[PDB]
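Peer 1: One structure is given below, represented as structure tokens, and several questions about it will come after.
Neighbour counts run over all protein chains shown; Cβ positions are idealised from the backbone, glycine included. Only the coordinates and a few stated rules stand behind these numbers; no lab work does.
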2 protein chains.
Amino acid sequence: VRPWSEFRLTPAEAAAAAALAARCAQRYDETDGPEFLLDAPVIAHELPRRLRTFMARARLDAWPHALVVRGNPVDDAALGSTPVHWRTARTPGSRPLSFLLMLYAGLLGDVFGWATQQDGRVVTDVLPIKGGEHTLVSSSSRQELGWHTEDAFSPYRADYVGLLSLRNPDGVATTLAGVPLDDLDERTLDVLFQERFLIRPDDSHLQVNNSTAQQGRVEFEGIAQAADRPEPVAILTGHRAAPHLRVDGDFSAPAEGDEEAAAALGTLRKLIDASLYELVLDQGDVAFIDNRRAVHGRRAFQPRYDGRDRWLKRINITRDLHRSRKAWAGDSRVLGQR
Amino acid sequence: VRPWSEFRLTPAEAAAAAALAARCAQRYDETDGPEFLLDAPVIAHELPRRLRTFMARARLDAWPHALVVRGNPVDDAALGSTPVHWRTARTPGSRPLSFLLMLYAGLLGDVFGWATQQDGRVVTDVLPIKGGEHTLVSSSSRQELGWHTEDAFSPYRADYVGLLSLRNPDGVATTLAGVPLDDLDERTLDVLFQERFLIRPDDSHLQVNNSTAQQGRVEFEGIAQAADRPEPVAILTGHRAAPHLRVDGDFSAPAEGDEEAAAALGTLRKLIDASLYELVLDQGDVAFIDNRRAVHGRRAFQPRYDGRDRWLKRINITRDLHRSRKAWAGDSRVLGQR
Ligand SMILES: NC(=[NH2+])NCCC[C@H](N)C(=O)O
Ligand SMILES: NC(=[NH2+])NCCC[C@H](N)C(=O)O
Ligand SMILES: O=C(O)CCC(=O)C(=O)O
Ligand SMILES: O=C(O)CCC(=O)C(=O)O
Ligand SMILES: [Fe+2]
Ligand SMILES: [Fe+2]
């Protein structure tokens, strides 16, 4: 069995999808422009029908932790070297694949970015940054990226996180875990459903991990409020037989002095640690991780820094953009508050 | 200006959409079968491109209370007489248009029904029922159907309510109103955002307005719990500059003894009453009402009972089916709890 839903493109289907993305790259200036943001969901209707059927059906299944699409061709010579930083990572060689990721994402929902993450970009980059090996952000390497709900601190966090592997020569594993419902006793479950936990914003939302500019500066103040004064929230929500999950192994805490909540979180930690499994995104594989059913991370790896490091394109997806309307900057798709 | 977003099909576009719906009616046994429920969203990708662009873009706009599509051809001779009851309302003449409504709905989200409403049907019927002129349900006529959020009692209520006019010879108006934000003072607004109100299920969820059978019987018990023991909820949620609305003019009440909450609800009533406007769905018009931004109703009218009464097909749409997973019966798209 597999805890995720998987689809493998035929070479013909993969070529057709690539051709469509290349056409988009020819017609539009960038992926994050207002034009392509609006058009991509409709252009995505031209993708191979079997893939559209998979994405429409698999999203509605009750069980999978992710939707995985294998077999998108990538030519390393055409792609070029892995960027040394996300700032300069919008290379011409990676451009068609960025368009491709957004097309696939459009079949699942409304894409968006954060003003406080990688300069408000919608399509972001995951790659190892020299000197940042032992950090809590996606550009880490030597230190394992601990399991987490994406942007757990925020009520506007994605429903799906898309990851497209541009290259991964050494097969470094993405980690995943669902709610450990087979082992959570009812008392512990009861406590996890109560608003007795604190969840602060991760380090990617700090100014230090963004470019030196006034572009999207006011949104960093809302990150500070979330870090300094986190209101108590629940870890589990919804149906007790299939709960949605909101937790971060490195940024979650119990409400101050609440030892019963602490015990529940401690138990949850051990159960997620013990059930954590691996998904290897080989070059050309795309995963859309269900950010409500599963937490995810990335195994520790030794970075190369020789031009062929592991490199993913990444995108946040929500089923309903209007859920985050308080955090809207304007007509843009870049979220944040004060 | 218009408070809703409007689209008029060209005759060619309308004919193409009709042709697609007719093809679906030929290929599938019914609209509510598991097959067409799953396929309709992908088949909808074959609708006229200008319409798909409208639906993709208009849904993301911040302002409209509804998305209105004009100009679907309807032949009264082909359609046949208006049914005397919803039970027998799945007539061959109305079948293609039911498929059409579901195709359009598939562009906006996941369709669903309620076990306690019209025998769990996904595509439901709005028509006057003889002897039921002065009721609080959609089959009323002589008594105005007061403004309401659809299924306000439930946290699984639709994001969009679709209404397709099969006929409306006397131009009876659907009523609509947004949040009266131009007139709500901040104190009143503050109170409406607090969990100080009760909202009970409407009369369409009662057993008396469903067929005599054991089909979907356990779900009526959850309706009783909502009616007997309503937990306090808010009327307004989300962004204060653009709140989402949850209210029913005939089923909302303040929390017991809460006079400040009562004052706020009383004020809201008068402001919605005063700002209520009309939308006439002529034969062939389809409206997708934003059930979070607007309340809606229907003007009082004199029923004919001569075979040509006003008749709509209706459908509930959610942006995320998994929001209601506690209320899932099984793999079906019919909601309810105990
Ligand atoms: N436990 C954690 N490391 N949480 C933060 C995860 C990494 C973060 N989502 C980023 O893009 O950098
Ligand atoms: N205030 C009201 N009348 N609320 C109930 C509205 C009618 C209900 N949605 C039905 O289908 O019959
Ligand atoms: O590198 C990976 O596979 C996971 C990256 C990740 O968790 C993130 O960017 O949020
Ligand atoms: O008849 C109309 O136009 C409105 C019907 C309605 O409000 C409903 O069926 O929920
Ligand atoms: Fe992540
Ligand atoms: Fe209604």
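Peer 1: Might you check whether a residue that is more than 14 Å from chain A (Cβ to nearest Cβ), touching a residue at least 24 places away in the same chain (Cβ under 8 Å), surrounded by fewer than 21 Cβ atoms within 10 Å (Cβ to Cβ) and within 17 Å of residue B:297 (Cβ to Cβ) occurs anywhere in segment B:124-134?
Peer 2: Taking every residue of segment B:124-134 in turn, at least one turns out to be more than 14 Å from chain A (Cβ to nearest Cβ), touching a residue at least 24 places away in the same chain (Cβ under 8 Å), surrounded by fewer than 21 Cβ atoms within 10 Å (Cβ to Cβ) and within 17 Å of residue B:297 (Cβ to Cβ).
Peer 1: Continuing with the same structure: Search segment B:184-240 for residues being of a type in the set (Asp, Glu) and under 20 Å from residue B:85 (Cβ atoms), and hand back the single one that is surrounded by the fewest Cβ atoms within 10 Å (Cβ to Cβ).
Peer 2: Once the filter is applied, the top-ranked residue is B:203.
Peer 1: Just give me the residues in segment B:8-58 being among the aromatic types (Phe, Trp, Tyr) and away from every other protein chain (no Cβ under 14 Å), in sequence order.
Peer 2: Keep residues of segment B:8-58 that are among the aromatic types (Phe, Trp, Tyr), which gives B:28, B:36, B:54.
Residue satisfying the conditions is B:28 alone.
Peer 1: Additional query: Just a yes or no: is a residue in segment A:159-175 within 14 Å of chain B (Cβ to nearest Cβ) and more than 16 Å from ligand 2 (Cβ to nearest atom)?
Peer 2: We begin by selecting, within segment A:159-175, every residue within 14 Å of chain B (Cβ to nearest Cβ); these are A:159-160.
Restricting the remaining residues to those that are more than 16 Å from ligand 2 (Cβ to nearest atom) gives A:159-160.
Scanning segment A:159-175 turns up at least one residue that is within 14 Å of chain B (Cβ to nearest Cβ) and more than 16 Å from ligand 2 (Cβ to nearest atom).
Peer 1: Just checking, how many residues over segment B:119-138 are touching a strand residue (DSSP E or B) at 6+ places or on another chain (Cβ under 7 Å) and more than 10 Å from ligand 6 (Cβ to nearest atom)? Walk me through how you get there before you give the answer.
Peer 2: We begin by selecting, within segment B:119-138, every residue touching a strand residue (DSSP E or B) at 6+ places or on another chain (Cβ under 7 Å); these are B:120-127, B:138.
Okay, now just the ones that are also more than 10 Å from ligand 6 (Cβ to nearest atom), so B:120-125, B:127.
Counting residues in segment B:119-138 that are touching a strand residue (DSSP E or B) at 6+ places or on another chain (Cβ under 7 Å) and more than 10 Å from ligand 6 (Cβ to nearest atom) gives 7.
Peer 1: Taking the criterion of being surrounded by 14 or more Cβ atoms within 10 Å (Cβ to Cβ), in contact with a helix residue (DSSP H, G or I) (Cβ under 7 Å, 6 or more places away or on another chain) and of a type in the set (D, E, K, R), would at least one residue in segment B:34-41 satisfy it?
Peer 2: Among the residues of segment B:34-41, not one is surrounded by 14 or more Cβ atoms within 10 Å (Cβ to Cβ), in contact with a helix residue (DSSP H, G or I) (Cβ under 7 Å, 6 or more places away or on another chain) and of a type in the set (D, E, K, R), which makes the answer no.
Peer 1: Here's another thing I want to ask about it. Taking the condition of being more than 9 Å from chain A (Cβ to nearest Cβ) and surrounded by fewer than 20 Cβ atoms within 10 Å (Cβ to Cβ), how many residues in segment B:59-73 meet it?
Peer 2: 5
Peer 1: Any chance segment A:300-309 includes a residue that's closer than 26 Å to residue A:169 by Cβ and among the polar types (S, T, N, Q)? Give the steps one after another, and end with the answer.
Peer 2: Narrowing segment A:300-309 to residues closer than 26 Å to residue A:169 by Cβ: A:300-309.
Pick out the ones that are also among the polar types (S, T, N, Q) and you get A:302.
Yes, the conditions are met somewhere in segment A:300-309.
Peer 1: Name the strands (runs of 3 or more DSSP E) wholly within segment A:267-338 that hold at least 2 residues that are more than 24 Å from residue A:58 (Cα to Cα), within 14 Å of chain B (Cβ to nearest Cβ) and aromatic (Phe, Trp, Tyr)? Show your work before the answer.
Peer 2: Working: elements: A:277-280, A:286-290, A:294-298, A:311-318.
In segment A:267-338, there are no strands (runs of 3 or more DSSP E) which contain 2 or more residues that are more than 24 Å from residue A:58 (Cα to Cα), within 14 Å of chain B (Cβ to nearest Cβ) and aromatic (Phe, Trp, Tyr).
Peer 1: Now, a different point. Within segment A:182-189, is even one residue in contact with a strand residue (DSSP E or B) (Cβ under 6 Å, 6 or more places away or on another chain), away from ligand 3 (no atom under 16 Å from the Cβ) and in contact (Cβ under 8 Å) with a residue 40 or more places away in the chain? Let's see the steps before the verdict.
Peer 2: We begin by selecting, within segment A:182-189, every residue in contact with a strand residue (DSSP E or B) (Cβ under 6 Å, 6 or more places away or on another chain); these are none.
Within segment A:182-189 (the criterion being in contact with a strand residue (DSSP E or B) (Cβ under 6 Å, 6 or more places away or on another chain), away from ligand 3 (no atom under 16 Å from the Cβ) and in contact (Cβ under 8 Å) with a residue 40 or more places away in the chain), the answer is no, since none of the residues qualifies.
Peer 1: Yes or no: residue B:253 more than 14 Å from chain A (Cβ to nearest Cβ), assigned to a strand (DSSP E or B) and in contact with a strand residue (DSSP E or B) (Cβ under 9 Å, 6 or more places away or on another chain)?
Peer 2: yes
Peer 1: Can you say whether residue B:80 is in contact (Cβ under 8 Å) with a residue 12 or more places away in the chain, at positive phi and either in contact with a helix residue (DSSP H, G or I) (Cβ under 8 Å, 6 or more places away or on another chain) or within 14 Å of chain A (Cβ to nearest Cβ) (or both), as far as the supplied structure shows? Break it down stepwise before answering.
Peer 2: Numbers: in contact (Cβ under 8 Å) with a residue 12 or more places away in the chain: yes; at positive phi: yes; either in contact with a helix residue (DSSP H, G or I) (Cβ under 8 Å, 6 or more places away or on another chain) or within 14 Å of chain A (Cβ to nearest Cβ) (or both): yes.
Taking the combined requirement at face value, the residue satisfies it.
Peer 1: Additional query: List the pairs whose first member sits in segment A:295-320 and is closer than 23 Å to residue A:151 by Cα and hydroxyl-bearing (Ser, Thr, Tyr), whose second member is away from ligand 1 (no atom under 14 Å from the Cβ) and in a strand (DSSP E or B), and whose Cβ atoms are under 6 Å apart, counting only residues at least 6 apart or on separate chains?
Peer 2: That search, which allows pairs on different chains as well, returns A:318/A:110.
Peer 1: Anything in segment A:137-151 that is part of a loop (DSSP other than H, G, I, E, B) and within 8 Å of ligand 1 (Cβ to nearest atom)? List them, or say none.
Peer 2: Keep residues of segment A:137-151 that are part of a loop (DSSP other than H, G, I, E, B), which gives A:137-144, A:149-151.
Hits for segment A:137-151 are A:137, A:138, A:139, A:140, A:150, A:151.
Peer 1: Which of the helices (runs of 4 or more DSSP H) contained wholly in segment B:1-115 include at least 3 residues that are more than 28 Å from residue B:335 (Cβ to Cβ)?
Peer 2: Numbers: elements: B:11-27, B:34-43, B:49-58, B:76-79, B:95-106.
So the answer is B:11-27, B:49-58, B:76-79.
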